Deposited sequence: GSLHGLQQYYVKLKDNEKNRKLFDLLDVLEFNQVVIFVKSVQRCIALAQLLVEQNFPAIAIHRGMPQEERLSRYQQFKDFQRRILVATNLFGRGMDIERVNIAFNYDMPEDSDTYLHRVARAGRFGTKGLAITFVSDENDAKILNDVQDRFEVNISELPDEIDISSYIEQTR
């Protein structure tokens, strides 16, 4: 179903909110998107230290390396994937039950493509996006105005 929500907070509150949501929310596999390779690597490192089996897969990584790492995610050796973007298919993230946009996507098309992938084939799940500046808010409105998708503040048949 990929229920979509957003949280408006300062960027320096993101780790705090992220950590909070991960213990309170029920989840099997999760994917978290960040805007840069540096943030991708660091966030995964922070999570692992917090005893969260996370792994980073980012642009620049050789096709074979991405798959080896993603394979670990698929076999549940890692339950949290931190990525900079979606890659080809096979990178079937529709398996996740939660998708976080730690950093708001660059634009509304990217945002839709991500929820479409995390919810591919109409699979169920939750989508949570962090809004930290007026640019992020603008994009959020773009998604709602352009696609008429329902995104509210965080408080079989097609899903």
So, counting the deposited sequence from position 1, which segments are absent from the coordinates? 1-4, 160-168
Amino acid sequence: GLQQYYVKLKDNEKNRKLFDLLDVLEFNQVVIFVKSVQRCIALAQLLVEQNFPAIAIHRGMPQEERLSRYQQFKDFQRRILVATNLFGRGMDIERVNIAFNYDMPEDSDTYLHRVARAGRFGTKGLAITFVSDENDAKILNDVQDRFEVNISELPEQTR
From here on, numbers count along this sequence of modelled residues.
Higher-scoring stretch by recorded Cα B factor average, 146-154 or 14-22: 146-154
Higher avg CA temperature factor (120-128 vs 61-69, as deposited) belongs to 61-69
Out of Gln50, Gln38, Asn101, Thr110, whose C-alpha atom has the biggest B factor in the entry? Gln50
Temperature factor at the Cα of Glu106, chain-ranked in thirds, falls in the highest
Going by what the PDB entry lists, where does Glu134 fall on CA B-factor within its chain: lowest, middle or highest third? middle
Could you look up the Cα B-factor of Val115 in the entry and say which third of the chain it sits in: lowest, middle or highest? middle
Using the B-factor values recorded in the entry, state whether the Cα atom of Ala56 falls in the lowest, middle or highest third among the modelled residues of its chain. lowest
